[PDB]
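What follows is one structure encoded as structure tokens, with my remarks underneath.
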Amino acid sequence: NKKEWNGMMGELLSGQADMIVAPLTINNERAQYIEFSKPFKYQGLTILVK
Amino acid sequence: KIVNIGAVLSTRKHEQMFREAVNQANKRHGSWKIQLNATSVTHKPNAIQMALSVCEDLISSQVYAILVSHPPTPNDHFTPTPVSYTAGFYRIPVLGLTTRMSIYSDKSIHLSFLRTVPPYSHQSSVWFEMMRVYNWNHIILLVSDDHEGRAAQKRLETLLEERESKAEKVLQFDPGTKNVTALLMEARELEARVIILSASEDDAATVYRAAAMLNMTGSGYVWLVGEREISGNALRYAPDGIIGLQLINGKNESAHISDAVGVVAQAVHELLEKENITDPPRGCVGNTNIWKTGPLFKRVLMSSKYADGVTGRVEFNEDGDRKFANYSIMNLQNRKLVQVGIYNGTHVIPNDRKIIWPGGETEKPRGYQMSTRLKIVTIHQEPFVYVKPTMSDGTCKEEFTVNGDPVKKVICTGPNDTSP
Amino acid sequence: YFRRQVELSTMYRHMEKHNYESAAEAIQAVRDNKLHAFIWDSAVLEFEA
Amino acid sequence: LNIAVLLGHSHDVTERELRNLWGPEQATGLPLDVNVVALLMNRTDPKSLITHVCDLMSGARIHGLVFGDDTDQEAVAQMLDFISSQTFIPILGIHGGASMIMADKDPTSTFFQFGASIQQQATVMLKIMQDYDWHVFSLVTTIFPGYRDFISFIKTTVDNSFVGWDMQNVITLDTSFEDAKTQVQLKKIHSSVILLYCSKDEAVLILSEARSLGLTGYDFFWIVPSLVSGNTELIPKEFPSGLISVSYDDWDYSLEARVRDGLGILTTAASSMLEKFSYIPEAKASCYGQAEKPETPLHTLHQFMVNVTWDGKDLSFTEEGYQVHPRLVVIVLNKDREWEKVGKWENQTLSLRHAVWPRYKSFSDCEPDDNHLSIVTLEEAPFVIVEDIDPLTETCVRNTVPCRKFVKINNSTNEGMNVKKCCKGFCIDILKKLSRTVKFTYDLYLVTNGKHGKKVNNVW
Amino acid sequence: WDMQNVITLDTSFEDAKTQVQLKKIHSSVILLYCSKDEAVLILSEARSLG
Ligand SMILES: *[C@@H]1O[C@H](CO)[C@@H](O[C@@H]2O[C@H](CO)[C@@H](O)[C@H](O)[C@H]2NC(C)=O)[C@H](O)[C@H]1NC(C)=O
Ligand SMILES: *[C@@H]1O[C@H](CO)[C@@H](O[C@@H]2O[C@H](CO)[C@@H](O)[C@H](O)[C@H]2NC(C)=O)[C@H](O)[C@H]1NC(C)=O
Ligand SMILES: *[C@@H]1O[C@H](CO)[C@@H](O[C@@H]2O[C@H](CO)[C@@H](O)[C@H](O)[C@H]2NC(C)=O)[C@H](O)[C@H]1NC(C)=O
Ligand SMILES: *[C@@H]1O[C@H](CO)[C@@H](O)[C@H](O)[C@H]1NC(C)=O
Ligand SMILES: *[C@@H]1O[C@H](CO)[C@@H](O)[C@H](O)[C@H]1NC(C)=O
Ligand SMILES: *[C@@H]1O[C@H](CO)[C@@H](O)[C@H](O)[C@H]1NC(C)=O
Ligand SMILES: *[C@@H]1O[C@H](CO)[C@@H](O)[C@H](O)[C@H]1NC(C)=O
Ligand SMILES: *[C@@H]1O[C@H](CO)[C@@H](O)[C@H](O)[C@H]1NC(C)=O
Ligand SMILES: *[C@@H]1O[C@H](CO)[C@@H](O)[C@H](O)[C@H]1NC(C)=O
Ligand SMILES: *[C@@H]1O[C@H](CO)[C@@H](O)[C@H](O)[C@H]1NC(C)=O
Ligand SMILES: *[C@@H]1O[C@H](CO)[C@@H](O)[C@H](O)[C@H]1NC(C)=O
Ligand SMILES: *[C@@H]1O[C@H](CO)[C@@H](O)[C@H](O)[C@H]1NC(C)=O
């Protein structure tokens, strides 16, 4: 009876790993539980089409 | 006019001391026509019939004070529960003086219970003060008993709110077991070495054996125990250099009861200033009309501030416990008890003795063993994580860039597939 | 991010029924015209372009 | 087996129906020698409790003990807890102070209350608020104990909530009110729903402070648990008529049906233990003349009847011994100064009688209040967008506002259910910005007479 | 300006209906018109009201 995470966050919060080094999305929700670093990449969002 | 005062198992050097405290309570408290009347009873090892005998003796006595006077009891239950639970029917305040379980501090349950021997949560407060001395962040917790242990964990999380810190590992399980080595290994795999132990004496001896047989008393390790772990077979099986705590004049009994009776006497003679004085009825044969001024008399007893006594300044907190008690900080220097510190409720002072640790030097163990090999996880990102199978056996293809630079690959362990 | 933006619920309700496990699924689908659009960072999309 | 039901009571109940309570009951009787003893008592002093417990344990080694109470002394059950610490006998509590909720039992204790924990009561209250979607609210607690668990459960509930509740921070009382620090603590609440956790002696002072602060308005709601709401008849005059409370005190299911259910659970555990182990009767010999070294058994019903099935009702128990799914009743105080029954709680979900929540707008006499609006509209697509509720979350999407639609069965009938439905659009945004600006309350619903409006023979 | 309704008193502090007028203020800046003898009682009540 609990909203819980999975994936990289599910394996990090469980302590299976030590540190995520990945293109991890900095948002509001994840920083409420963990800390972040200062970003190496600044980029927005756009649409890929054909 | 006449107030009965009840004591249970006054010892044979206290059977006269209790009447002496009754006499001294009538000595300097004015020429008022109130009198006192001492009632002392002695146990037999069945708490059922003794709970019955005590509760109907208090009903026939209509006491205002109920005390607990059991240090020399080898019965490991240590339950003065039923007399306090009977007095809770009329909200009659019971002054415990011996036990240190936080489960007696449940004011939801113990509606009319106060005591002056504050529990091991205050030892965790001492431990947080020692953390503020040594400037530490990551601690390792290990508690067997769950009823006091939830309170100890809650008190410790209340303590960690100031720095907004968190405990590194929680440990709660069934007391009495002998197979705890997997959790000890998972604690060894952590960075810190701060050992916080709150268990029974057999469980403390078990973890001492699992520590001494598994090199856990060497250099870097930070040992920190309390008073249950320095007694009995745990005192027999304790490694040297361990740091425990002790109540200054806590197990002392006669002056303890004398100061408690002085507190009760001046609180009652302050309470006789106020009107609407009710009395306990004869609740043995069918009198369930509860005592009216129960919470009123308890609330008078709550703010009963005192500075006179043998131990010193005695006052009840929001838990109704001894504010700012004296504390000894004991060391096991070559299987010998050596006090190495003192604690007033606001600061720690080490004595002239040296803090000898179970490992190497006398300095503080910087136990934060850093993860020198970081287990790094990532996801398969197409421009960022290029993934190739092994060429022959665990090898890659050492390619160059367009400007003459070998791409620094790594031996990963990626997912073989994405299908469950 | 779209679940918080309730004013973009409808596209969310259009996109909740076709979500893909990995991005390369979306890449292979849009290359073979099994999709029409994808929301992603600009640098990676221009890299793949 | 030897099973006794005792009642120390004052309510006039005869005893012969309790003798009938075993005969046609337990049609599949797998234990053979089951002997019931029904006893009625009058005074609830602990001397008679201990005396008759020892009489019934000496009375052919009774293993089933069931007790209910009409008085309001919770510690008696705690007294029974000590009896449960000694007799090694599973004991059921039914009603009153025997059924009042304590914090934490013992491994040496096997006493089982029939009620709901404070976390379950908080779950029911937040289920009420979830069914009404009043997102702006606050938590007010005192130093009355059992409070950090209460606040912590509410924090973990909001953190694990479908809604994403915009919960204002928790204001906690510290001492007796100076009206200087406590008034500043209370002025920070401009919300509409207040959750109060205190004692009954503190609640009078708190609501008198809110009345003096004017915080007892029609928009200001008050949801309190059963721990503070005491006797149903004894109600102090300083309470708002409309005080929301939740308590499992039911009168549609009386005490006799519930002790019948308890007997069913006892015989279920007895038959299942008989299927597991042969020598079922294992109890303590005697109170008086008690020698030491107690023969502590390992064939008990304490950690054995954790789940049970009876009459289609999943009456399973928790780890501490509390019921998993009890029967809670949502009540409010009416204008007639009585706790008016409103709704009942199901096994997990919740259903109420008044789907449209009644206000009881005259909470006192000094309330000149005329700031509610009745608003009707018709489905027009660029302005009025009407959809169903989300069946996944049982909650509208937060940009929308709810309304009711009087959906009838057919043309021949005249009854209709007011289906609560989500609404967005242009005029919805107009109404939201008006309610932010003009600062009013409102009631939105749909027109079921028909179209916009037309004079049909001097009738609009 | 944003002005709350003007509080007019009858006598010295009664703790019956004077504080009913007093406790309606959740604002910050308040002006006061009274005498110096009344000022001590008003400021003592405002201290008691915090
Ligand atoms: C307190 O008063 C009681 C009488 O109310 C005294 O207790 C009695 O003492 C005598 C002599 O030892 C016994 O024979 C009686 O059986 C006692 N009666 C009881 C139990 O109430 C007592 O002496 C007084 N307090 C002291 C001095 O102990
Ligand atoms: C305590 O528990 C451990 C398991 O957690 C067991 O002992 C070890 O078990 C592991 C495998 O899990 C083996 O690799 C070790 O060699 C075992 N060590 C020893 C010395 O037994 C066993 O259940 C208990 N043994 C102890 C005391 O460690
Ligand atoms: C425990 O308490 C006191 C203080 O620690 C000690 O005994 C008393 O000591 C004081 C002087 O500090 C004397 O005035 C008293 O006469 C002593 N009382 C007795 C009976 O010894 C001693 O440490 C312990 N005594 C006990 C067991 O009460
Ligand atoms: C640690 O314990 C192991 C147990 O096999 C032992 O071999 C080793 O000598 C100990 N460590 C040291 C460095 O003494
Ligand atoms: C006891 O309380 C009652 C309450 O009405 C009061 O009338 C009475 O004066 C009080 N007793 C004294 C002497 O204060
Ligand atoms: C520790 O002991 C002293 C002894 O005088 C006593 O006053 C107090 O309980 C503690 N510390 C102080 C000085 O507060
Ligand atoms: C204990 O004594 C006083 C209070 O009596 C306090 O100010 C002081 O900081 C404390 N000192 C010690 C021994 O930590
Ligand atoms: C109350 O019960 C007692 C037995 O506990 C009995 O002796 C007494 O007569 C009863 N009184 C009445 C009539 O209620
Ligand atoms: C209760 O749970 C147990 C498993 O622990 C299961 O075997 C049993 O069927 C359940 N219900 C009954 C009939 O006791
Ligand atoms: C609750 O009761 C209903 C009706 O008996 C039943 O269908 C459902 O499975 C039960 N489970 C829940 C939702 O708690
Ligand atoms: C009555 O029946 C249908 C189905 O219940 C309902 O949709 C409609 O309102 C009525 N139809 C007519 C006009 O008879
Ligand atoms: C439905 O009811 C209306 C009156 O509201 C009536 O004019 C119409 O004839 C009815 N239709 C049916 C099902 O006969």
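Each chain of the structure tokens is named A, B, ... in the order shown, its residues numbered from 1; ligands are numbered from 1 in display order.
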
Report as an NGL selection string which protein, DNA and RNA residues come within 9 Å of ligand 7, using only C-alpha atoms and all ligand atoms.
:B and (313 or 324 or 326 or 342-349)

With N, CA, C and O atoms retained, write the just-selected residues as a PDB file, in the first residue's frame.
```pdb
ATOM      1  N   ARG B 313      18.907  18.877  41.835  1.00  0.00           N
ATOM      2  CA  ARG B 313      17.733  19.492  41.224  1.00  0.00           C
ATOM      3  C   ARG B 313      16.882  18.418  40.560  1.00  0.00           C
ATOM      4  O   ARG B 313      17.294  17.818  39.563  1.00  0.00           O
ATOM      5  N   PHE B 324      17.673  16.678  33.597  1.00  0.00           N
ATOM      6  CA  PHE B 324      19.086  17.061  33.658  1.00  0.00           C
ATOM      7  C   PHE B 324      19.841  16.285  34.741  1.00  0.00           C
ATOM      8  O   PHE B 324      20.420  16.853  35.669  1.00  0.00           O
ATOM      9  N   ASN B 326      22.622  13.586  36.468  1.00  0.00           N
ATOM     10  CA  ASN B 326      24.044  13.293  36.390  1.00  0.00           C
ATOM     11  C   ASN B 326      24.268  11.939  35.723  1.00  0.00           C
ATOM     12  O   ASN B 326      23.475  11.008  35.881  1.00  0.00           O
ATOM     13  N   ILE B 342      31.897  12.577  32.553  1.00  0.00           N
ATOM     14  CA  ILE B 342      30.713  12.986  33.292  1.00  0.00           C
ATOM     15  C   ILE B 342      29.791  13.743  32.348  1.00  0.00           C
ATOM     16  O   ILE B 342      30.230  14.359  31.369  1.00  0.00           O
ATOM     17  N   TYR B 343      28.495  13.682  32.647  1.00  0.00           N
ATOM     18  CA  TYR B 343      27.477  14.319  31.820  1.00  0.00           C
ATOM     19  C   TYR B 343      26.410  14.935  32.712  1.00  0.00           C
ATOM     20  O   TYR B 343      25.587  14.217  33.293  1.00  0.00           O
ATOM     21  N   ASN B 344      26.446  16.257  32.831  1.00  0.00           N
ATOM     22  CA  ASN B 344      25.264  17.060  33.087  1.00  0.00           C
ATOM     23  C   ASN B 344      24.435  17.107  31.806  1.00  0.00           C
ATOM     24  O   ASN B 344      24.952  16.929  30.704  1.00  0.00           O
ATOM     25  N   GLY B 345      23.140  17.396  31.960  1.00  0.00           N
ATOM     26  CA  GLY B 345      22.150  17.305  30.894  1.00  0.00           C
ATOM     27  C   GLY B 345      22.380  18.210  29.692  1.00  0.00           C
ATOM     28  O   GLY B 345      21.665  18.065  28.694  1.00  0.00           O
ATOM     29  N   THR B 346      23.351  19.125  29.748  1.00  0.00           N
ATOM     30  CA  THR B 346      23.615  20.022  28.634  1.00  0.00           C
ATOM     31  C   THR B 346      25.001  19.880  28.014  1.00  0.00           C
ATOM     32  O   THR B 346      25.168  20.253  26.849  1.00  0.00           O
ATOM     33  N   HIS B 347      25.990  19.352  28.737  1.00  0.00           N
ATOM     34  CA  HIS B 347      27.338  19.236  28.193  1.00  0.00           C
ATOM     35  C   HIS B 347      28.039  18.010  28.763  1.00  0.00           C
ATOM     36  O   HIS B 347      27.661  17.476  29.808  1.00  0.00           O
ATOM     37  N   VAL B 348      29.082  17.583  28.053  1.00  0.00           N
ATOM     38  CA  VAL B 348      29.923  16.456  28.436  1.00  0.00           C
ATOM     39  C   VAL B 348      31.252  17.017  28.914  1.00  0.00           C
ATOM     40  O   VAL B 348      31.774  17.967  28.322  1.00  0.00           O
ATOM     41  N   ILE B 349      31.810  16.441  29.982  1.00  0.00           N
ATOM     42  CA  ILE B 349      33.169  16.749  30.404  1.00  0.00           C
ATOM     43  C   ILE B 349      33.958  15.460  30.597  1.00  0.00           C
ATOM     44  O   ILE B 349      33.580  14.623  31.422  1.00  0.00           O
TER      45      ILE B 349
END
```

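With a cut-off of 12 Å and using only C-alpha atoms and all ligand atoms, the polymer residues contacting ligand 2 are residues 177, 178, 179, 180, 181, 182, 183, 184, 185, 186, 206, 207, 209, 210, 211, 213 and 214 of chain B.
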
Give the residues of chain D that lie within 10 Å of chain A; count only C-alpha atoms, and format the answer as a PyMOL selection string.
chain D and resi 156-157+159-162

Now that the selection is made, can you save its residues with N, CA, C and O atoms as a compact mmCIF listing (two decimals), in the first residue's frame?
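Heads up, here's the output in result_30.txt:
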```txt
# COMPACT_ATOMS: atom_id res chain seq x y z
N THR D 156 2.72 10.07 5.96
CA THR D 156 2.91 8.96 5.04
C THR D 156 1.67 8.69 4.19
O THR D 156 1.79 8.11 3.10
N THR D 157 0.49 9.09 4.66
CA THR D 157 -0.71 8.90 3.87
C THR D 157 -0.80 9.93 2.75
O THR D 157 -1.17 9.59 1.62
N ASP D 159 1.83 11.41 1.50
CA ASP D 159 2.92 11.04 0.61
C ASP D 159 2.58 9.83 -0.26
O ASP D 159 3.21 9.65 -1.31
N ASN D 160 1.61 9.02 0.14
CA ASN D 160 1.16 7.87 -0.64
C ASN D 160 -0.29 8.05 -1.06
O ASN D 160 -1.10 7.12 -0.97
N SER D 161 -0.65 9.24 -1.52
CA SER D 161 -2.03 9.58 -1.81
C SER D 161 -2.27 9.69 -3.31
O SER D 161 -1.40 10.16 -4.05
N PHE D 162 -3.45 9.24 -3.74
CA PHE D 162 -3.87 9.42 -5.13
C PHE D 162 -4.04 10.89 -5.48
O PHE D 162 -3.78 11.29 -6.62
```

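Across the structure, atom CA of residue 249 of chain D and atom CA of residue 196 of chain D are spaced 20.1 Å apart.
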
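The smallest atom-to-atom distance between chain A and any of C:36, C:48, C:4, C:27, using only C-alpha atoms, is found for C:36.
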
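Near chain B, counting only C-alpha atoms at 12 Å, the chain C residues are residues 20, 21, 22, 23, 24, 25, 27, 41, 43, 44, 45, 46, 47, 48 and 49 of chain C.
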
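The space between atom CA of residue 86 of chain D and atom CA of residue 175 of chain B spans 21.1 Å.
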
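Using only C-alpha atoms and all ligand atoms, the shortest contact distance between ligand 6 and any of B:369, B:401, B:249, B:304 is found at B:249.
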
Name all residues at most 12 Å from residue 267 of chain B (count only C-alpha atoms; drop same-chain ones fewer than 2 positions away) and give them as a ChimeraX atom specification.
/B:25,29,64-65,260-265,269-274,297-306,315

Among chain C, which ones does DSSP assign to alpha helix (DSSP H) (computed from the backbone)? Answer as number ranges by chain.
C: 9-15, 23-31, 42-48

When the cut-off is 6 Å and we count only C-alpha atoms, which residues of chain C are near chain A, given as a PDB file with C-alpha atoms, in the first residue's frame?
```pdb
ATOM      1  CA  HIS C  36       4.620  10.112 -35.915  1.00  0.00           C
ATOM      2  CA  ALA C  37       6.424  12.064 -33.155  1.00  0.00           C
ATOM      3  CA  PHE C  38       8.571  11.701 -30.069  1.00  0.00           C
ATOM      4  CA  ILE C  39       9.338  14.030 -27.150  1.00  0.00           C
ATOM      5  CA  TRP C  40      13.043  14.071 -26.340  1.00  0.00           C
ATOM      6  CA  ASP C  41      16.086  16.223 -25.587  1.00  0.00           C
ATOM      7  CA  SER C  42      17.356  18.239 -28.527  1.00  0.00           C
TER       8      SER C  42
END
```

Near-ligand residues for ligand 11, threshold 8 Å, only C-alpha atoms and all ligand atoms, as a PyMOL selection string
chain D and resi 408-412

Please list as a PyMOL selection string every residue within 6 Å of segment 322-339 of chain D, counting only C-alpha atoms and excluding residues in the same chain fewer than 4 positions away.
chain D and resi 241-248+316-318+343-345+347

Could the residues of chain A within 6 Å of chain B, counting only C-alpha atoms, be given as a VMD selection string, please?
chain A and resid 17 to 22

Keeping only N, CA and C atoms, take the residues you just selected and write them out as a compact mmCIF listing (two decimals), in the first residue's frame.
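The resulting file, selection-v8.txt, is shown below:
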```
# COMPACT_ATOMS: atom_id res chain seq x y z
N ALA A 17 23.36 -0.34 -5.78
CA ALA A 17 24.41 0.40 -6.44
C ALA A 17 25.04 1.39 -5.46
N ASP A 18 25.92 2.23 -5.97
CA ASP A 18 26.53 3.29 -5.17
C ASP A 18 26.23 4.68 -5.69
N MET A 19 26.28 4.88 -7.01
CA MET A 19 26.10 6.21 -7.58
C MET A 19 25.66 6.08 -9.03
N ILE A 20 24.61 6.82 -9.39
CA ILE A 20 24.13 6.82 -10.77
C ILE A 20 24.97 7.81 -11.58
N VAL A 21 25.66 7.30 -12.59
CA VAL A 21 26.33 8.13 -13.58
C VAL A 21 25.65 7.81 -14.91
N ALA A 22 24.72 8.66 -15.30
CA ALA A 22 23.79 8.39 -16.39
C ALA A 22 23.11 9.70 -16.77
```

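These are the residues of segment 239-309 of chain B assigned strand (DSSP E) by DSSP from backbone coordinates: residues 243, 244, 245, 246 and 247 of chain B.
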
Expected answer as a short mmCIF file (atom, residue, chain, number, x, y, z; two decimals) with C-alpha atoms, in the first residue's frame: residues within 6 Å of ligand 1, only C-alpha atoms and all ligand atoms:
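The new file out10.cif reads:
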```
data_model
loop_
_atom_site.label_atom_id
_atom_site.label_comp_id
_atom_site.auth_asym_id
_atom_site.auth_seq_id
_atom_site.Cartn_x
_atom_site.Cartn_y
_atom_site.Cartn_z
CA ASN B 37 0.50 6.80 58.23
CA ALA B 38 3.01 4.39 56.70
CA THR B 39 2.00 1.09 55.06
#
```

Let me see if you get this right: every residue at most 12 Å from ligand 8, counting only C-alpha atoms and all ligand atoms, written as a list in words.
residues 284, 285, 286 and 287 of chain B; 6, 7, 8, 9, 10, 11, 12, 39, 40, 41, 42, 43, 44, 45, 46, 47, 48, 49, 50, 51 and 52 of chain D

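If you look at atom CA of residue 298 of chain D and atom CA of residue 79 of chain D, they are 24.1 Å away from each other.
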
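Among the candidates D:164, D:391, D:115, D:281, the one nearest to chain C when counting only C-alpha atoms is D:164.
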
Considering only C-alpha atoms, extract the chain D residues located within 10 Å of chain C and return them as a PyMOL selection string.
chain D and resi 164+397-400
